[PDB]
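Taking PDB author numbering, I'd label the letters of the sequence shown as residues 5 to 28, 31 to 252, 255 to 299.
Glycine is no exception: its CB is placed at the ideal position from the N, C-alpha and C atoms.
Since the structure comes first, as structure tokens, the remarks are kept for the end.
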Amino acid sequence: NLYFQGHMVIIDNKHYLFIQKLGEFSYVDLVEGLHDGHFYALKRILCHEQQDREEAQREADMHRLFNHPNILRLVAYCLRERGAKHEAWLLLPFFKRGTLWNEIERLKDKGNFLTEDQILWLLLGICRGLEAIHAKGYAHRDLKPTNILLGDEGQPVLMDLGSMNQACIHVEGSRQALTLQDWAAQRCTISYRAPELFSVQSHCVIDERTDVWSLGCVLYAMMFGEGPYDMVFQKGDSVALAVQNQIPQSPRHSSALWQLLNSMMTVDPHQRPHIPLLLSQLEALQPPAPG
Ligand SMILES: [Cl-]
């Protein structure tokens, strides 16, 4: 009567207490570490084939490529089975503020938006995260506001590295173009997907500037309360066509910020900037930390 029931797991010899389901192929659970008091998000991936163990290894490995404040770290990885049930587990830090998306809905539901100083700090954090990814030779490939957590100091943190791959891809011939086009149709949220990945051309080079387009959409989302192709998506018409055609000057935004958004959302990737240039442009605006 003085004891109480609980459900727990052991990971790397440490006991974690189930608290609640956080969300979702995979579940995510809120758990509490009983050694240290801290909270974690335990992502559990269901395996039916060897490929599934392999895909989860891959993701775990992407996380441990980096030790950067704007990139979600991996606390532990493991494999668990019981009878026929087989799972792979990624233990991760818990961000009580949730995602950048639900912060920009919270405001848009009261009629407000993020201020320009808030926008500039967030954007700086996201670019520095990407810069670290690009410098190692990868691209994220599924950047969007629901893949961006907000830390306890308000810092933005990138998550979901299960579509990350080599940054540079040479497409030669229709067969390679089409296999790439199908891969993106699978792994790159359609309304945040770069133009060059619809109708992949037979001879071309797809590089990490793919992420700079997606980042432009995230910026747009922060500035207008929705993604630039969400009404199109939600009203059933063709995103692929909208994305291949081509922002308002709402006087809550400096033209400097408006120029940043325009440059990111250029359709020809050859005319689109790389992250190091964007950071140079951003840091000259001398963005303030929150406080
Ligand atoms: Cl085994």
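Please state the DSSP three-state secondary structure of residue i.
{"i": "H19", "result": "strand"}
{"i": "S220", "result": "helix"}
{"i": "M12", "result": "strand"}
{"i": "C210", "result": "strand"}
{"i": "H54", "result": "coil"}
{"i": "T195", "result": "coil"}
{"i": "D42", "result": "coil"}
{"i": "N76", "result": "coil"}
{"i": "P277", "result": "helix"}
{"i": "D123", "result": "helix"}
{"i": "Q161", "result": "coil"}
{"i": "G135", "result": "helix"}
{"i": "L71", "result": "coil"}
{"i": "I255", "result": "coil"}
{"i": "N153", "result": "helix"}
{"i": "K25", "result": "strand"}
{"i": "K114", "result": "helix"}
{"i": "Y83", "result": "strand"}
{"i": "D236", "result": "helix"}
{"i": "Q289", "result": "helix"}
{"i": "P99", "result": "strand"}
{"i": "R260", "result": "coil"}
{"i": "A90", "result": "coil"}
{"i": "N171", "result": "strand"}
Nearest by alpha-carbon distance to residue i: which of the options is it?
{"i": "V275", "options": "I23, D42, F72, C223", "result": "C223"}
{"i": "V163", "options": "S180, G135, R147", "result": "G135"}
{"i": "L97", "options": "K49, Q63, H69", "result": "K49"}
{"i": "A183", "options": "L26, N171, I255, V211", "result": "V211"}
{"i": "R79", "options": "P298, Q63, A90, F100", "result": "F100"}
{"i": "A227", "options": "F204, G242, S205, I255", "result": "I255"}
{"i": "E28", "options": "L113, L52, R260", "result": "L52"}
{"i": "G179", "options": "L203, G168, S208, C194", "result": "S208"}
{"i": "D16", "options": "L36, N76, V81, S32", "result": "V81"}
{"i": "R280", "options": "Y235, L268, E61, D42", "result": "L268"}
{"i": "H282", "options": "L40, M12, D42, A145", "result": "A145"}
{"i": "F239", "options": "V249, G231, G143", "result": "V249"}
{"i": "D123", "options": "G160, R103, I139", "result": "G160"}
{"i": "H19", "options": "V37, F31, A191, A62", "result": "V37"}
Please check the pair residue i and residue j, which I expect to be a contact at CB under 8 Å, by giving their CB distance rounded to whole angstroms.
{"i": "residue 306", "j": "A66", "result": "Summary: the structure shown does not reach residue 306, with the chain confined to residues 5 through 299, and so no result is reported for it."}
{"i": "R88", "j": "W95", "result": "The Cβ separation is near 13 Å, so there is no contact."}
{"i": "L106", "j": "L156", "result": "6 Å"}
{"i": "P295", "j": "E137", "result": "At roughly 15 Å, the Cβ-Cβ gap does not stay under 8 Å, so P295 and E137 are not in contact."}
{"i": "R193", "j": "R147", "result": "6 Å"}
{"i": "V206", "j": "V177", "result": "6 Å"}
{"i": "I196", "j": "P151", "result": "That pair is no contact at about 15 Å."}
{"i": "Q187", "j": "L203", "result": "7 Å"}
{"i": "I125", "j": "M229", "result": "7 Å"}
{"i": "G131", "j": "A173", "result": "About 20 Å separates the two Cβ atoms, so there is no contact after all."}
{"i": "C133", "j": "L265", "result": "Not quite, the Cβ-Cβ distance comes to about 14 Å (not below 8 Å), so this is no contact."}
{"i": "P201", "j": "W189", "result": "No, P201 and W189 are not in contact; Cβ-Cβ is about 16 Å, not under 8 Å."}
{"i": "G10", "j": "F22", "result": "7 Å"}
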